[PDB]
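Structure, as structure tokens:
Values below: all heavy atoms of this structure, side chains included; hydrogens, waters and symmetry mates excluded. One is the number of the first residue; the rest follow in order along the sequence. As the structure lists them, so they are numbered: ligands from 1, and atoms in each ligand from 1.
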Amino acid sequence: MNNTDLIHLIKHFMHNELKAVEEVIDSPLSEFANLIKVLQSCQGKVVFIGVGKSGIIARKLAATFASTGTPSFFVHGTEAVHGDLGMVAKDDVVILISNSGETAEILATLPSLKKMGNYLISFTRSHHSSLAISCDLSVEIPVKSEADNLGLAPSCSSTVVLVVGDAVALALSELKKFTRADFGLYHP
Ligand SMILES: O=P(O)(O)OC[C@@H](O)[C@@H](O)[C@H](O)CO
């Protein structure tokens, strides 16, 4: 493939991701106000749980929440069922990220988390997913397709969830009057 065509091929995939983000910005995001309110009410930490590429985005979002004034950390969904559920205590709020809302490893956390009693939020592509049905607040982040021809590689979905989560973090940060001086304290 010549240089100009290589460049168009790269821009094709970038553009697919751009479209997926646009689809979400153009959507009503009705439950986002309730999402903000639940997060504002959290008296403990916001614990993000995921596996695979969702889990890597969950790690980014925990770090972004923390760096902008909302204490948060990440627990991997498999490590959770091998003891790390012990990191989650009564006042913590749990956000579980799974694009399908069917990932076996993430659903495996749910019986214990129901016993533990924490407020559970899901980020999935469907309110009808197993995970979403089991959570207290389902946030639906619709993703039509992935960017690859096969539609198999998390690309559109991982990027959309990152943009959505970043915007949530920044709205909470602005709402709580997080300052440059607070930012410097956590970023020496
Ligand atoms: O986002 P869910 O549907 O949980 O899928 C988890 C993983 O399978 C996915 O992110 C993984 O990296 C495979 O692509």
Side-chain angles (χ1 to χ4, degrees), residues 9-10 12-25 27 29-32 34-35 38-39 45-66 72-85 87-88 92-116 118-169:
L9 177 57
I10 293 158
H12 163 76
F13 291 121
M14 302 187 65
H15 175 73
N16 284 351
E17 298 201 9
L18 182 79
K19 286 183 73 211
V21 174
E22 283 187 344
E23 300 284 340
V24 174
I25 293 173
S27 81
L29 303 185
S30 295
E31 67 282 49
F32 281 67
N34 280 340
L35 173 65
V38 171
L39 301 169
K45 299 205 202 281
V46 177
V47 178
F48 282 87
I49 297 183
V51 299
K53 309 305 184 289
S54 282
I56 300 168
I57 297 308
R59 282 181 249 250
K60 203 285 194 175
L61 293 182
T64 281
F65 269 51
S72 180
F73 62 105
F74 169 72
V75 172
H76 188 274
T78 290
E79 300 301 316
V81 297
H82 296 270
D84 289 11
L85 276 162
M87 300 178 173
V88 178
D92 296 341
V93 169
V94 180
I95 297 177
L96 299 104
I97 300 183
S98 170
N99 177 241
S100 66
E102 301 298 338
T103 305
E105 296 93 331
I106 304 296
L107 304 177
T109 69
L110 295 171
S112 296
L113 281 168
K114 288 295 184 174
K115 304 187 205 286
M116 288 164 66
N118 305 82
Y119 195 93
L120 309 178
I121 294 168
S122 61
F123 285 10
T124 78
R125 79 184 168 211
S126 179
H127 294 302
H128 301 284
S129 67
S130 297
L131 180 62
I133 287 298
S134 292
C135 288
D136 302 285
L137 177 67
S138 167
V139 176
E140 182 176 83
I141 303 178
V143 181
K144 24 82 163 184
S145 194
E146 299 292 4
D148 55 316
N149 288 28
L150 307 152
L152 290 175
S155 42
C156 294
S157 58
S158 45
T159 292
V160 174
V161 180
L162 175 62
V163 175
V164 163
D166 279 353
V168 173

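Shown here, atom 10 (O) of ligand 1 is in close reach of the protein: a heavy atom of it lies under 4.0 Å off.
Summarising the geometry of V161 relative to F123, their closest heavy-atom pair is CG1-CD2, 4.1 Å, with the distance given to 0.1 Å.
When hydrogens are left out, the protein atom nearest atom 12 (O) of ligand 1 is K53 N, 2.6 Å; that is the closest non-hydrogen contact. Looking only at protein heavy atoms, the nearest one to atom 6 (C) of ligand 1 is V51 O, 3.9 Å.
The heavy atom nearest to atom 1 (O) of ligand 1, out of those in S54, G52, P154, is found in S54. Looking at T103, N99, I56 and measuring to atom 4 (O) of ligand 1, the nearest heavy atom belongs to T103.
Looking at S155, its side chain does come within 3.5 Å of a backbone N or O of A147 through a donor-acceptor pair. Using a distance-only test at 3.5 Å, with no hydrogens or angles considered, no donor-acceptor pair links the side chain of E79 to the main chain of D84. A donor-acceptor distance shorter than 3.5 angstrom exists from the side chain of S27 to the backbone of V24, with no hydrogens or angles considered.
Interface atoms of ligand 1 facing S100, defined by a heavy-atom separation under 4.0 Å, are 3 (O).
When each of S100, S129, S54 is checked for a side chain to side chain donor-acceptor pair (under 3.5 Å) with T124, only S129 meets the rule.
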